[PDB]
Every structure is written in structure tokens, then in C-alpha cells.
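Listing of protein02.tsv, TSV, C-alpha atoms
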```tsv
chain	number	residue	atom	x	y	z
A	1	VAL	CA	-10.75	11.11	-10.47
A	2	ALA	CA	-14.22	10.84	-8.77
A	3	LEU	CA	-14.94	10.82	-4.88
A	4	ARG	CA	-18.35	9.38	-3.57
A	5	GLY	CA	-18.50	7.12	-6.52
A	6	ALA	CA	-14.77	6.70	-5.99
A	7	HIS	CA	-14.51	2.96	-5.20
A	8	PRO	CA	-17.85	1.46	-6.43
A	9	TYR	CA	-16.47	-2.17	-6.15
A	10	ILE	CA	-15.71	-2.11	-2.39
A	11	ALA	CA	-17.93	-4.44	-0.31
A	12	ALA	CA	-18.56	-4.29	3.44
A	13	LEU	CA	-18.74	-7.71	5.08
A	14	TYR	CA	-20.44	-8.27	8.48
A	15	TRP	CA	-20.83	-11.18	10.87
A	16	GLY	CA	-21.68	-10.60	14.52
A	17	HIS	CA	-19.69	-7.48	15.45
A	18	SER	CA	-16.72	-8.36	13.24
A	19	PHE	CA	-15.93	-6.63	9.95
A	20	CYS	CA	-14.00	-7.20	6.77
A	21	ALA	CA	-14.03	-5.53	3.38
A	22	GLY	CA	-13.77	-7.28	-0.01
A	23	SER	CA	-14.05	-6.46	-3.71
A	24	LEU	CA	-16.89	-6.96	-6.13
A	25	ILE	CA	-15.36	-8.75	-9.09
A	26	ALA	CA	-18.68	-9.52	-10.75
A	27	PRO	CA	-22.34	-9.06	-9.93
A	28	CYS	CA	-22.56	-12.29	-7.90
A	29	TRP	CA	-18.94	-12.58	-6.62
A	30	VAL	CA	-16.87	-10.80	-3.97
A	31	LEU	CA	-13.18	-11.49	-3.39
A	32	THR	CA	-11.81	-11.06	0.22
A	33	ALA	CA	-9.26	-12.56	2.61
A	34	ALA	CA	-9.53	-16.19	3.69
A	35	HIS	CA	-8.53	-15.19	7.23
A	36	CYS	CA	-11.80	-13.26	7.49
A	37	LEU	CA	-13.64	-16.60	7.17
A	38	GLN	CA	-11.31	-19.09	8.82
A	39	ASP	CA	-13.61	-19.84	11.78
A	40	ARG	CA	-16.27	-21.01	9.22
A	41	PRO	CA	-19.33	-18.85	9.94
A	42	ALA	CA	-22.68	-20.07	8.48
A	43	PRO	CA	-23.32	-18.25	5.16
A	44	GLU	CA	-26.71	-17.24	6.64
A	45	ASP	CA	-25.06	-15.03	9.30
A	46	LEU	CA	-22.97	-13.02	6.74
A	47	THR	CA	-24.18	-9.66	5.36
A	48	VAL	CA	-22.67	-7.87	2.36
A	49	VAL	CA	-23.40	-4.23	1.67
A	50	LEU	CA	-22.30	-2.70	-1.65
A	51	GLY	CA	-22.36	1.07	-2.24
A	52	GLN	CA	-21.95	1.84	1.49
A	53	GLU	CA	-20.51	5.14	2.62
A	54	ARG	CA	-20.24	4.47	6.37
A	55	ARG	CA	-20.14	1.14	8.15
A	56	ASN	CA	-22.91	0.43	9.59
A	57	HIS	CA	-25.10	3.06	8.02
A	58	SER	CA	-27.94	2.45	5.60
A	59	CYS	CA	-27.99	4.81	2.60
A	60	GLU	CA	-30.16	5.24	-0.49
A	61	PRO	CA	-27.88	3.51	-2.99
A	62	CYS	CA	-26.71	0.85	-0.42
A	63	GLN	CA	-27.49	-2.74	-1.46
A	64	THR	CA	-27.69	-5.46	1.14
A	65	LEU	CA	-27.20	-9.07	0.02
A	66	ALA	CA	-27.11	-12.49	1.68
A	67	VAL	CA	-24.26	-14.92	0.92
A	68	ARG	CA	-25.09	-18.28	-0.62
A	69	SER	CA	-21.74	-19.88	-0.10
A	70	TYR	CA	-18.04	-19.14	0.08
A	71	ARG	CA	-14.73	-20.84	-0.71
A	72	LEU	CA	-11.37	-20.33	1.00
A	73	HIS	CA	-8.30	-21.18	-0.91
A	74	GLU	CA	-7.84	-24.91	-0.13
A	75	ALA	CA	-4.19	-24.25	0.94
A	76	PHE	CA	-4.75	-21.22	3.19
A	77	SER	CA	-2.61	-21.23	6.33
A	78	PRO	CA	-4.13	-19.66	9.51
A	79	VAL	CA	-0.57	-19.61	10.92
A	80	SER	CA	1.43	-17.83	8.17
A	81	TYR	CA	-1.56	-16.45	6.19
A	82	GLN	CA	-0.10	-17.83	2.93
A	83	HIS	CA	-2.81	-18.09	0.20
A	84	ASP	CA	-4.96	-15.56	1.99
A	85	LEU	CA	-8.00	-15.38	-0.32
A	86	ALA	CA	-11.65	-16.44	-0.45
A	87	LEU	CA	-14.65	-16.00	-2.76
A	88	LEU	CA	-18.16	-15.07	-1.65
A	89	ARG	CA	-20.99	-16.28	-3.91
A	90	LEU	CA	-23.75	-13.80	-3.29
A	91	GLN	CA	-27.41	-14.91	-3.02
A	92	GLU	CA	-29.37	-14.13	-6.25
A	93	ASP	CA	-32.94	-12.88	-5.73
A	94	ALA	CA	-36.29	-13.84	-7.29
A	95	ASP	CA	-34.90	-12.69	-10.69
A	96	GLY	CA	-31.48	-14.40	-10.92
A	97	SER	CA	-29.88	-11.03	-10.03
A	98	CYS	CA	-27.22	-10.28	-7.37
A	99	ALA	CA	-25.53	-6.81	-7.44
A	100	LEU	CA	-27.69	-4.25	-9.29
A	101	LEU	CA	-24.94	-2.34	-11.06
A	102	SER	CA	-25.34	1.36	-10.59
A	103	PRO	CA	-23.30	4.52	-10.44
A	104	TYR	CA	-22.37	3.42	-6.85
A	105	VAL	CA	-21.93	-0.27	-7.47
A	106	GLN	CA	-19.69	-1.63	-10.17
A	107	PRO	CA	-17.27	-4.63	-10.32
A	108	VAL	CA	-13.48	-4.22	-10.44
A	109	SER	CA	-11.40	-5.82	-13.15
A	110	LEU	CA	-8.91	-8.61	-12.35
A	111	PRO	CA	-5.27	-8.15	-13.34
A	112	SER	CA	-4.16	-9.34	-16.83
A	113	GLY	CA	-1.12	-11.12	-15.35
A	114	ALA	CA	0.75	-9.76	-18.37
A	115	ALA	CA	1.70	-6.74	-16.25
A	116	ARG	CA	4.48	-7.67	-13.82
A	117	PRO	CA	4.42	-4.99	-11.06
A	118	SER	CA	7.52	-2.95	-10.27
A	119	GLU	CA	8.48	-0.19	-7.81
A	120	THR	CA	7.32	2.38	-10.40
A	121	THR	CA	3.72	0.98	-10.36
A	122	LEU	CA	1.23	3.28	-8.66
A	123	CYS	CA	-1.55	1.92	-6.44
A	124	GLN	CA	-4.43	2.87	-4.21
A	125	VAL	CA	-5.81	1.20	-1.05
A	126	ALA	CA	-9.35	1.99	0.17
A	127	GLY	CA	-11.01	1.11	3.49
A	128	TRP	CA	-12.56	2.45	6.68
A	129	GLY	CA	-9.96	1.26	9.19
A	130	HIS	CA	-9.91	2.05	12.91
A	131	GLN	CA	-12.87	3.80	14.40
A	132	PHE	CA	-13.65	4.26	18.11
A	133	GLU	CA	-16.48	1.98	19.30
A	134	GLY	CA	-19.79	3.65	20.27
A	135	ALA	CA	-21.50	6.82	19.04
A	136	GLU	CA	-22.60	5.60	15.55
A	137	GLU	CA	-23.34	9.11	14.31
A	138	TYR	CA	-19.50	9.57	14.14
A	139	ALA	CA	-18.80	6.44	11.99
A	140	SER	CA	-15.96	7.06	9.62
A	141	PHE	CA	-16.15	7.53	5.90
A	142	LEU	CA	-14.33	5.35	3.41
A	143	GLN	CA	-10.84	6.68	2.81
A	144	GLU	CA	-8.03	6.00	0.35
A	145	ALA	CA	-4.27	6.19	0.15
A	146	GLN	CA	-1.87	6.32	-2.76
A	147	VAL	CA	0.83	3.69	-2.17
A	148	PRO	CA	3.74	2.42	-4.25
A	149	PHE	CA	4.36	-1.25	-4.88
A	150	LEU	CA	7.23	-2.35	-2.66
A	151	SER	CA	9.69	-4.90	-3.93
A	152	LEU	CA	9.98	-8.36	-2.48
A	153	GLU	CA	13.67	-7.69	-1.65
A	154	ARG	CA	12.86	-4.53	0.38
A	155	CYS	CA	9.75	-6.11	2.03
A	156	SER	CA	11.63	-9.24	3.22
A	157	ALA	CA	14.37	-7.15	4.93
A	158	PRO	CA	14.85	-8.23	8.57
A	159	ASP	CA	14.03	-4.72	9.50
A	160	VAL	CA	10.67	-4.80	7.65
A	161	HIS	CA	8.64	-8.03	7.38
A	162	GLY	CA	11.50	-10.56	7.32
A	163	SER	CA	10.92	-14.19	6.47
A	164	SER	CA	7.19	-13.66	6.95
A	165	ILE	CA	6.85	-12.66	3.32
A	166	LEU	CA	5.95	-15.78	1.31
A	167	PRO	CA	5.17	-16.36	-2.39
A	168	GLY	CA	1.62	-15.19	-3.12
A	169	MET	CA	2.11	-12.11	-0.94
A	170	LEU	CA	3.06	-8.64	-2.16
A	171	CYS	CA	3.81	-5.40	-0.39
A	172	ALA	CA	2.84	-1.79	-0.90
A	173	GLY	CA	3.41	1.37	1.12
A	174	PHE	CA	6.36	3.42	2.37
A	175	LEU	CA	9.13	2.00	4.54
A	176	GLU	CA	8.58	4.78	7.13
A	177	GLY	CA	6.02	7.14	5.42
A	178	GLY	CA	2.95	5.82	7.29
A	179	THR	CA	-0.86	5.90	7.46
A	180	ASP	CA	-2.34	2.78	5.82
A	181	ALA	CA	-2.33	0.50	8.92
A	182	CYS	CA	-5.05	2.61	10.52
A	183	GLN	CA	-7.17	2.93	7.33
A	184	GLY	CA	-7.41	-0.44	5.53
A	185	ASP	CA	-9.68	-3.35	6.44
A	186	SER	CA	-8.78	-7.06	6.30
A	187	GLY	CA	-9.82	-8.25	2.81
A	188	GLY	CA	-10.01	-4.72	1.25
A	189	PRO	CA	-8.81	-3.63	-2.23
A	190	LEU	CA	-5.41	-2.58	-3.55
A	191	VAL	CA	-6.02	-1.27	-7.01
A	192	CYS	CA	-2.98	-0.54	-9.30
A	193	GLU	CA	-1.91	0.45	-12.83
A	194	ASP	CA	-2.17	-2.51	-15.22
A	195	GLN	CA	-2.04	-0.62	-18.58
A	196	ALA	CA	-1.71	-3.95	-20.44
A	197	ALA	CA	-5.41	-4.36	-19.43
A	198	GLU	CA	-8.66	-2.98	-20.91
A	199	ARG	CA	-9.06	-0.93	-17.74
A	200	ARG	CA	-6.40	1.51	-16.45
A	201	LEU	CA	-6.56	0.15	-12.85
A	202	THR	CA	-7.00	-3.48	-11.79
A	203	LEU	CA	-7.29	-5.20	-8.45
A	204	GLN	CA	-3.83	-6.44	-7.62
A	205	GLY	CA	-3.98	-6.78	-3.83
A	206	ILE	CA	-6.20	-7.99	-1.04
A	207	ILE	CA	-5.40	-6.55	2.42
A	208	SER	CA	-3.98	-9.50	4.35
A	209	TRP	CA	-1.81	-8.36	7.29
A	210	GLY	CA	0.80	-5.82	8.39
A	211	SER	CA	1.69	-3.69	11.43
A	212	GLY	CA	-0.97	-3.00	14.10
A	213	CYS	CA	-2.90	0.29	14.04
A	214	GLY	CA	-0.98	2.46	16.55
A	215	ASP	CA	2.50	1.04	15.94
A	216	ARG	CA	4.86	2.68	13.51
A	217	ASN	CA	3.70	1.86	10.01
A	218	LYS	CA	5.35	-0.86	8.02
A	219	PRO	CA	4.30	-1.51	4.43
A	220	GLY	CA	1.05	-3.52	4.35
A	221	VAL	CA	1.20	-7.12	3.05
A	222	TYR	CA	-1.44	-8.04	0.47
A	223	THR	CA	-2.52	-11.26	-1.19
A	224	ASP	CA	-1.02	-11.06	-4.70
A	225	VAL	CA	-4.17	-11.48	-6.85
A	226	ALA	CA	-2.19	-12.16	-10.06
A	227	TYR	CA	-0.45	-15.20	-8.50
A	228	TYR	CA	-3.88	-16.83	-7.96
A	229	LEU	CA	-5.46	-15.76	-11.22
A	230	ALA	CA	-6.13	-19.32	-12.48
A	231	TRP	CA	-7.63	-20.24	-9.11
A	232	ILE	CA	-10.01	-17.25	-9.27
A	233	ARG	CA	-11.11	-17.99	-12.88
A	234	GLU	CA	-11.55	-21.71	-12.30
A	235	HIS	CA	-13.79	-21.30	-9.26
A	236	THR	CA	-16.05	-18.66	-10.88
A	237	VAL	CA	-16.60	-20.20	-14.32
A	238	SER	CA	-20.16	-20.05	-15.70
A	239	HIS	CA	-20.05	-23.48	-17.32
A	240	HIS	CA	-18.26	-26.69	-16.68
A	241	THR	CA	-15.70	-27.19	-19.42
```

Spell out the structure here as C-alpha cells.
Amino acid sequence: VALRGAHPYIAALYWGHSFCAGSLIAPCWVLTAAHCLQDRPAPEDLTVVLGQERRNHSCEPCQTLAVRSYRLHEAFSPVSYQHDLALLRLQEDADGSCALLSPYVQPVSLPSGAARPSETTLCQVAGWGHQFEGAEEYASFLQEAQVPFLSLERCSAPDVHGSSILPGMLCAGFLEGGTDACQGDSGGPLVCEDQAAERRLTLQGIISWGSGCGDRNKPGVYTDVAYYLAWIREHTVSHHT
């Protein structure tokens, strides 16, 4: 598998000094977490960079886009984080174009929903994660971890995430194994085996919440993209029908 062109769908989202990642699901659409947008920033103050290697760093294949509008799931809860997803409609330029697809910028495929994930499913989470403030020249690189899907039964254990796990959420990671809580970003991609899909890997999770960087790792909790599949289709459709 490739490495600088490793996760060409991952988007870097900026507002003020806050940060979130998301996933390019088509040239004009990015999928992220609703919690990233719950304070309702003006679309004009958002910046999306596709193809970025280091946060805050410009780069030759980096593409910077404005956002035209965005939609949070109408039922998102800021308290429990149930239904933690949003769509960004990117601003098209003079030509009707949004992301210029390239070897560094490519959309990720949505799950089929045919494929019901199991503890044997293999996944990957990408993100930048924790980085010490100051000294930009030392900005971290995108990194990735291989994580297994973690059953609802094991995730809802009192000892793991308890009654905090709600329908529409899924878990991935190791019970004690470690190292994802310091490397994922709110809204970032969990990409897993679909097999019943044209592509080998599809986007099956959006980084939602989990244990704090620094504490002992728990599995991360992700928005279960497949559960919202009709919501994502309906709000991206090209034509009213």
C-alpha cells in the first residue's frame, strides 16, 4: 500500500485556531463530525485543505477551498454526541469545479451497507492528532493506525465505554493496546474492508469521541457511516426526485 498518497480523501478543516479532519466523499462534499460545527461558525470563516501533509503547511499539491454551506444531522445531540455527522458543501470556482482530483486528492467510497462489520473486519484510522503548540517547523505528519472493529457488546462494557455507546456509534481499537487517542482528529476517517463493494476499503467511521490523549487508551468511538447511509445520499443528491 502507498504512503504520501496514502489517504488522498482526508480533508483538514480550520476555523480560528480550532481543527477537525473530515473525508472527501465527492469533489464538492466533505463528511465530518457534527460536533466540530455545533457552535455554528459562518461558512465564510471555514477553510478546507485537501492533499495536505502537515497542518498548517502549504504544499505544492495542497488545495484550499472555501465552504458554501454545511448541514449537521438534524438530530445531533451535543450532550451524548448521538448522530455525530455533518456535510460540508464546498464552494465551486469560476468553472463549476470544487476538488481538482489528482494523485493527492481523491474521494473515498461510502459503505455498501451490504457488509455488516464484525470483529474480523480490518480497519485503518488516519489523522494528525496531538502536537505541541508553537514552533511550526515541527508540525506533525499525517499518521495511520491499523485497528480492528470492536463489537458493540465489548464496547458497552462498564469497564470500557458503558451506556455511552448509542445506536449510530461503532467502536474500533484494542481494549488495552493503545495509540489512537493521540493520533486521530475529531471528524477524521476510519476506513475498513467492505469487499461487497466496488472498492476494497470504504469509509465506515467518522472519529467522534473516546478517551483523552494522555489517559490510557480506550477504543475510539466513531459515527457509524452505514447507519446514516440514506441520510448521506438524500442530502447530496444531484437532482430533486

TODO: Name all residues at most 7 Å from segment 165-175 of chain A (count all atoms listed in the file; drop same-chain ones fewer than 6 positions away) and give them as a ChimeraX atom specification.
DONE: /A:82-83,147-152,155-156,218-224,227

Any chance you can output those residues with C-alpha atoms as a CSV table (one decimal), in the frame of the given file?
```csv
chain,number,residue,atom,x,y,z
A,82,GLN,CA,-0.1,-17.8,2.9
A,83,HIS,CA,-2.8,-18.1,0.2
A,147,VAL,CA,0.8,3.7,-2.2
A,148,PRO,CA,3.7,2.4,-4.2
A,149,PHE,CA,4.4,-1.2,-4.9
A,150,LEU,CA,7.2,-2.4,-2.7
A,151,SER,CA,9.7,-4.9,-3.9
A,152,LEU,CA,10.0,-8.4,-2.5
A,155,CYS,CA,9.8,-6.1,2.0
A,156,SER,CA,11.6,-9.2,3.2
A,218,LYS,CA,5.4,-0.9,8.0
A,219,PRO,CA,4.3,-1.5,4.4
A,220,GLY,CA,1.0,-3.5,4.4
A,221,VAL,CA,1.2,-7.1,3.0
A,222,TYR,CA,-1.4,-8.0,0.5
A,223,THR,CA,-2.5,-11.3,-1.2
A,224,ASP,CA,-1.0,-11.1,-4.7
A,227,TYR,CA,-0.4,-15.2,-8.5
```

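With distances taken over all atoms listed in the file, A:70 is the one residue among A:104, A:76, A:141, A:70 lying closest to residue 235 of chain A.
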
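Picture a line from atom CA of residue 191 of chain A to atom CA of residue 120 of chain A; it runs 14.2 Å.
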
Which residues, written as a PDB file with C-alpha atoms, keeping the file's coordinate frame, have at least one atom at most 10 Å from residue 113 of chain A, with all atoms listed in the file counted and residues fewer than 2 positions away on the same chain left out?
```
ATOM      1  CA  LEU A 110      -8.910  -8.610 -12.350  1.00  0.00           C
ATOM      2  CA  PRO A 111      -5.270  -8.150 -13.340  1.00  0.00           C
ATOM      3  CA  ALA A 115       1.700  -6.740 -16.250  1.00  0.00           C
ATOM      4  CA  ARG A 116       4.480  -7.670 -13.820  1.00  0.00           C
ATOM      5  CA  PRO A 117       4.420  -4.990 -11.060  1.00  0.00           C
ATOM      6  CA  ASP A 194      -2.170  -2.510 -15.220  1.00  0.00           C
ATOM      7  CA  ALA A 196      -1.710  -3.950 -20.440  1.00  0.00           C
ATOM      8  CA  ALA A 197      -5.410  -4.360 -19.430  1.00  0.00           C
ATOM      9  CA  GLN A 204      -3.830  -6.440  -7.620  1.00  0.00           C
ATOM     10  CA  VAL A 225      -4.170 -11.480  -6.850  1.00  0.00           C
ATOM     11  CA  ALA A 226      -2.190 -12.160 -10.060  1.00  0.00           C
ATOM     12  CA  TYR A 227      -0.450 -15.200  -8.500  1.00  0.00           C
ATOM     13  CA  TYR A 228      -3.880 -16.830  -7.960  1.00  0.00           C
ATOM     14  CA  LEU A 229      -5.460 -15.760 -11.220  1.00  0.00           C
TER      15      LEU A 229
END
```

With the cut-off set at 9 Å and counting all atoms listed in the file, tabulate each residue of segment 1-82 of chain A with an atom at most that distance from an atom of segment 129-140 of chain A, showing the nearest atom pair and its distance in Å to one decimal, ordered by chain and increasing number, as CSV.
```
residue,atom,partner,partner_atom,distance
A:53,CA,A:140,CA,8.6
A:54,CA,A:140,CA,6.0
A:55,CA,A:139,CA,6.7
A:56,CA,A:139,CA,7.7
A:57,CA,A:139,CA,8.2
```

Might I get the box with edges along x, y and z of the file that holds all atoms of segment 182-195 of chain A listed there, padded by 8 Å on every side, given as centre and edge lengths in Å to one decimal, as JSON?
```
{"center_x": -6.0, "center_y": -2.7, "center_z": -4.0, "size_x": 24.1, "size_y": 27.2, "size_z": 45.1}
```

Open item on the list: Give me the residues near residue 49 of chain A as an NGL selection string, where near means some atom within 7 Å (using all atoms listed in the file) and where sequence neighbours in that chain fewer than 5 positions away do not count.
Closed with: :A and (11-13 or 62-65)

- [ ] Find the residues with any atom within 8 Å of (-18.3, 1.4, -7.2); use all atoms listed in the file and the coordinates as given in the file, and write the answer as JSON, numbers by chain.
- [x] {"A": [5, 6, 7, 8, 9, 10, 50, 51, 102, 103, 104, 105, 106, 107]}

Could you save the residues just selected, with C-alpha atoms, as an mmCIF file, keeping the file's coordinate frame?
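As a result, out32.cif now contains:
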```cif
data_model
loop_
_atom_site.group_PDB
_atom_site.id
_atom_site.type_symbol
_atom_site.label_atom_id
_atom_site.label_comp_id
_atom_site.auth_asym_id
_atom_site.auth_seq_id
_atom_site.Cartn_x
_atom_site.Cartn_y
_atom_site.Cartn_z
ATOM 1 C CA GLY A 5 -18.500 7.120 -6.520
ATOM 2 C CA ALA A 6 -14.770 6.700 -5.990
ATOM 3 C CA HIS A 7 -14.510 2.960 -5.200
ATOM 4 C CA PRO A 8 -17.850 1.460 -6.430
ATOM 5 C CA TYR A 9 -16.470 -2.170 -6.150
ATOM 6 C CA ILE A 10 -15.710 -2.110 -2.390
ATOM 7 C CA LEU A 50 -22.300 -2.700 -1.650
ATOM 8 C CA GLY A 51 -22.360 1.070 -2.240
ATOM 9 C CA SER A 102 -25.340 1.360 -10.590
ATOM 10 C CA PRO A 103 -23.300 4.520 -10.440
ATOM 11 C CA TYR A 104 -22.370 3.420 -6.850
ATOM 12 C CA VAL A 105 -21.930 -0.270 -7.470
ATOM 13 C CA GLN A 106 -19.690 -1.630 -10.170
ATOM 14 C CA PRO A 107 -17.270 -4.630 -10.320
#
```

TODO: Compile the contact shell of residue 143 of chain A as an MDAnalysis selection string: residues with an atom at most 9 Å away, counting all atoms listed in the file, same-chain residues fewer than 2 positions apart removed.
DONE: chainID A and resid 125:129 140:141 145 183:184

Open item on the list: Please compute the atom CA of residue 27 of chain A-atom CA of residue 85 of chain A distance, one decimal, in Å.
Closed with: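 These atoms are spaced 18.4 Å apart.
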
Task: Option closest in space to residue 186 of chain A, from A:84, A:45, A:234, A:39 [counting only C-alpha atoms] - done: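 Result for the nearest residue to residue 186 of chain A: A:84.
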
Task: Among listed residues A:158, A:43, A:205, A:189, nearest residue 142 of chain A (using only C-alpha atoms) - done: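 Nearest candidate to residue 142 of chain A out of A:158, A:43, A:205, A:189: A:189.
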
Open item on the list: Taking only C-alpha atoms into account, name the residue in A:195, A:238, A:217, A:164 that is nearest to residue 80 of chain A.
Closed with: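 Of A:195, A:238, A:217, A:164, the one nearest residue 80 of chain A is A:164, counting only C-alpha atoms.
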
Open item on the list: List as a count of residues only the residues having at least one atom at most 12 Å from position (-33.4, -11.9, -4.9) as given in the file, counting all atoms listed in the file.
Closed with: 18

Task: Atomic distance atom CA of residue 1 of chain A - atom CA of residue 213 of chain A, expressed in Å with one decimal - done: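 Straight-line distance from atom CA of residue 1 of chain A to atom CA of residue 213 of chain A works out to 27.9 Å.
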
- [ ] Go through A:215, A:193, A:185, A:198 one by one, measure the shortest atom-to-atom distance of each to residue 35 of chain A using all atoms listed in the file, and give the residue with the smallest value.
- [x]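 With all atoms listed in the file as the atom set, the closest residue is A:185.
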